[PDB]
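>>> Here goes the first bit of my complex:
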Amino acid sequence: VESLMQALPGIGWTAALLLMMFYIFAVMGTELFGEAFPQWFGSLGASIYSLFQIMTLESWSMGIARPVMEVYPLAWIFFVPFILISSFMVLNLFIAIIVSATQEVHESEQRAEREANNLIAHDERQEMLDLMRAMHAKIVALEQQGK
Amino acid sequence: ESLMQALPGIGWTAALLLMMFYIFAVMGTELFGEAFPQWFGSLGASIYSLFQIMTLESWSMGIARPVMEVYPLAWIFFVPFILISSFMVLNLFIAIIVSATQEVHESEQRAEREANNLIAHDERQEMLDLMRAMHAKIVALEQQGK
């Protein structure tokens, strides 16, 4: 039902641009490293997969990053921004759903507080107006004693 | 001027959708074109076999299955492609659905807020007339008193 259904196009934009990050960092990983590391970055497919392993922490004790870091000492300029942008995108997938849910609640409490105020007003006026008519009657009955 | 508001988002989905065919074709050419020159041998052939997969013209002469049966792990590419590229086309229709119903909700938002302002304006006007009529009869009550 359309409160999460609204937020889906933004979810896709993040998901789409996330896959774009693997593609360009794989094309770029193949250039920079594949020469010296054919096993990991020698092909475009191998690059996609070693990047995917880096993100899923399956290179945490066998650590694909660290051997390449030791050979090229400046290669964090690629392994750091990749890990940052591709983690920040996956975060924006969960954030977008968190926002979508709490955005809906805020918008429902927005009415139930504005209808309460309209109700209290409609009833406070109705109380006053009845109190009026009753007084207008007793005034007429005061002006009949006078005739 | 309620649908025209939603068009830039439509384009972002449409643009990123074509980006998916491009990268999955470049990637399809690498992974498979060696063993399947007919289907993935060129970048153009890859773009077209991917397009055939999406339009279900590979459902009995299914391009996916033979490649699946040579490389057993190739669903890691045919599955995410079919998912992302279907989810984008879905977001094209969703964006128009939202744009339409978003407008209706925003029109019912006034017609309910003007009704409330009207009922208030009229409930006060009813009270205020009933006041003046009372104030007159009170003055007429203080004139017998003189």
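Yes, it's here. Numbering: from 1, shown residues only, chains lettered A, B, ... in the order given.
>>> three-state assignment of the nearest residue to residue A:103 once chain neighbours are set aside?
Across the structure, with C-beta to C-beta, 6 or more residues apart in numbering or on different chains as the measure, the residue nearest residue A:103 apart from its sequence neighbours is residue A:3 (7.4 Å). For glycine as for every other residue, the C-beta is placed from the backbone atoms N, C-alpha and C. Following DSSP: H, G, I helix; E, B strand; the rest coil, residue A:3 is assigned to coil.
>>> Equivalent analysis for residue A:35, please.
coil.
>>> can you count the residues close to the residue nearest to residue A:103?
Burial measure for residue A:3: 13 neighbouring residues, criterion other C-beta atoms under 10 Å in any protein chain shown.
>>> So in chain A, which helix runs the longest?
Using DSSP state H, we find that the single longest helix of chain A is helix A:76-146.
>>> which residues sit in contact with the closest residue to residue A:121 other than its chain neighbours?
What sits nearest to residue A:121 in space, not counting adjacent residues and going by C-beta to C-beta, 6+ apart, is residue B:120, at 6.8 Å. Counting by C-beta atoms under 8 Å, 6 or more residues apart in numbering or on different chains, residue B:120 touches A:121-122, A:125.
>>> how close does the residue nearest the centre of chain A get to chain B?
Closest residue to the average C-alpha location of chain A: residue A:96 at 1.8 Å, with C-alpha atoms, centre = their mean. Distance of residue A:96 to chain B, given as C-beta to the nearest C-beta, to the nearest Å: 13 Å.
>>> Same check on residue A:73?
As judged by C-beta to the nearest C-beta, residue A:73 and chain B stand 30 Å apart.
>>> on that earlier part again, and which of the contacts of residue B:120 is nearest to chain B?
residue A:125 (5.1 Å; C-beta to the nearest C-beta).
>>> circling back: now the residue nearest to residue A:103. Its backbone dihedrals?
The phi and psi torsions at residue A:3 (degrees, to the nearest 10) take the values phi -130, psi -40.
>>> And it, how far from chain B?
Remark: distance between residue A:3 and chain B (C-beta to the nearest C-beta) = 10 Å.
>>> what's the answer for residue A:1, then?
Counting by C-beta to the nearest C-beta, the gap between residue A:1 and chain B amounts to 11 Å.
>>> How about residue A:74?
Between residue A:74 and chain B the distance is 27 Å, computed by C-beta to the nearest C-beta.
>>> Need phi/psi at that residue.
Main-chain torsions, residue A:74, degrees, to the nearest 10: phi -100, psi 10.
>>> same structure, new chain, call it chain C:
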Amino acid sequence: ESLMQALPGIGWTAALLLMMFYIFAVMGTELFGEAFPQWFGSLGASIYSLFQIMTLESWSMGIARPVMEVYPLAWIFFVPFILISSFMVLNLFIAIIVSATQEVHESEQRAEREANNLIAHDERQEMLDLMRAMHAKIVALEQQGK
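Chain C now in position relative to the chains above:
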């Protein structure tokens, strides 16, 4: 801060627009460069012939039509390119149109809600003064009575 609100969306359209020239140039080079080295032979030449197509400098010397005649099915590329890349440039102007009129609607939204709050505050103040004046005359009625 009303057109400043809309700039990130402007960039997304502008960014994805340049992405369209890139992928259609990489595709244009594949499909055609073999038979048309002058126009699509390099990635740069492809970018530029696509740019000429959009700016109507191939109206009478018409880069599209010779390639259309050689490959009869090549509209499947020249049509979607011209569509998406025109629709993106349209979304650049639409986004500014929306940004401007969105601001006006949001300013008229207050000046109508303050008018209503004003009329209420003054209609109550009129009633309430009319009350006190009556309450006084009634007390003066009840002093005749003592």
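>>> In light of the added chain C, please revisit the contacts of residue B:120.
Residue B:120 is in contact with A:121-122, A:125, C:120, counting by C-beta under 8 Å, 6+ apart.
>>> circling back to that earlier point, now do the longest helix of chain A and helix B:75-145, the angle between them.
20 degrees (axes from the mean of the first three to the mean of the last three C-alpha atoms, to 10 degrees).
>>> For helix A:76-146, what is the distance to the chain centroid?
Taking C-alpha atoms, centre = their mean, to the nearest Å, one finds helix A:76-146 lying 23 Å from the centre of the chain it belongs to.
>>> and if you look at stretch A:23-31?
The chain centroid and the centroid of stretch A:23-31 are separated by 28 Å under C-alpha atoms, centre = their mean.
>>> CA atoms of it as PDB?
The C-alpha coordinates for stretch A:23-31 follow below in PDB (Å, rounded to 0.1, in the frame of the first residue of the first chain):
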ATOM      1  CA  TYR A  23      31.300  -1.900 -12.500                       C
ATOM      2  CA  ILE A  24      33.600   1.200 -12.600                       C
ATOM      3  CA  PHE A  25      35.700   0.100  -9.700                       C
ATOM      4  CA  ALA A  26      36.100  -3.300 -11.500                       C
ATOM      5  CA  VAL A  27      37.100  -1.700 -14.800                       C
ATOM      6  CA  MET A  28      39.400   0.500 -12.800                       C
ATOM      7  CA  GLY A  29      40.700  -2.400 -10.600                       C
ATOM      8  CA  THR A  30      41.500  -4.400 -13.800                       C
ATOM      9  CA  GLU A  31      43.700  -1.600 -15.100                       C
END
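>>> Identify the farthest-apart pair in the contacts of residue B:120.
Pairwise distances across the contacts of residue B:120 peak at 13.4 Å for A:122 and C:120 (criterion: C-beta to C-beta).
>>> Give me the distance between the two termini of stretch A:32-51.
The distance separating the two terminal residues of stretch A:32-51, taken as C-alpha to C-alpha, to the nearest Å, comes to 14 Å.
>>> quick one: it to chain centroid distance?
Averaged over its C-alpha atoms, stretch A:32-51 has a centre that lies 33 Å from its chain's centre (C-alpha atoms, centre = their mean).
>>> Stretch A:3-13 now?
Centroid displacement of stretch A:3-13 relative to its chain, using C-alpha atoms, centre = their mean, is 9 Å.
>>> how about it as PDB, C-alpha atoms only?
What follows is stretch A:3-13 as a C-alpha-only set of coordinates in PDB (Å, rounded to 0.1, in the frame of the first residue of the first chain):
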ATOM      1  CA  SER A   3       3.500   4.600   1.800                       C
ATOM      2  CA  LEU A   4       6.400   2.300   1.100                       C
ATOM      3  CA  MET A   5       5.400   1.900  -2.500                       C
ATOM      4  CA  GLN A   6       6.200   5.700  -2.900                       C
ATOM      5  CA  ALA A   7       9.800   5.200  -1.700                       C
ATOM      6  CA  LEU A   8      10.700   2.400  -4.200                       C
ATOM      7  CA  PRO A   9      12.000   4.600  -7.100                       C
ATOM      8  CA  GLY A  10      14.600   6.100  -4.700                       C
ATOM      9  CA  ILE A  11      15.500   2.600  -3.500                       C
ATOM     10  CA  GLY A  12      16.200   1.600  -7.100                       C
ATOM     11  CA  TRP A  13      18.300   4.700  -7.800                       C
END
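>>> and then chain D:
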Amino acid sequence: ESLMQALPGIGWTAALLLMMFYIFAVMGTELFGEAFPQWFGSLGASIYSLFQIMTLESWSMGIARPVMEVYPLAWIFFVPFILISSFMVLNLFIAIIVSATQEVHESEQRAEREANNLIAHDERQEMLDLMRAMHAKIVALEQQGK
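Same chains as before, plus chain D:
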């Protein structure tokens, strides 16, 4: 959770920004690398000379000028790159500026609407008390009369 709203848009700008370096590097390698292997000869070298151009470390040892000065028409690439990639970084700061001031406007939106509801509640309550006191003195004015 007010800056937390705005992060997905921040990423879209950041993501599309890196997309600009990628395509302009692939394109820079084509156009120039033949004549400038040191700067644009590889995809990595292109990405880095573009990054140097943006960070103004090419401002007395300016990579752009020599290439401008071999290919006279090469501003058609160095200008749009510098524009789009500066406009994206601007949209990173704009998005945070909007996110902050958007929150303040939405908090002042209540504190002004609760003040109005309060003043109404209290202006009615003042009127209503002044009513009851006046209904009482009228009853006492009709007991005089019995």
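>>> The contacts of residue B:120 again please, chain D included this time.
If you count contacts by C-beta under 8 Å, 6+ apart, residue B:120 has them with A:121-122, A:125, C:120.
>>> ok, now with 10 Å
Contact analysis of residue B:120 by C-beta atoms under 10 Å, 6 or more residues apart in numbering or on different chains lists A:118, A:121-122, A:125, C:116, C:119-120, C:123.
>>> measure residue A:66 to chain C for me?
The spacing between residue A:66 and chain C, counted by C-beta to the nearest C-beta, is 34 Å.
>>> ditto for residue A:38
According to C-beta to the nearest C-beta, residue A:38 stands 25 Å off from chain C.
>>> again, but for residue A:98
According to C-beta to the nearest C-beta, residue A:98 stands 21 Å off from chain C.
>>> try residue A:54
26 Å.
>>> and what of residue A:109?
Counting by C-beta to the nearest C-beta, the gap from residue A:109 to chain C is 20 Å.
>>> Next: residue A:101.
24 Å.
>>> got it, and residue A:80?
Summarising the geometry, the distance separating residue A:80 from chain C, computed by C-beta to the nearest C-beta, is 23 Å.
>>> How about residue A:97?
In this structure, residue A:97 and chain C are separated by 21 Å, where distance is defined by C-beta to the nearest C-beta.
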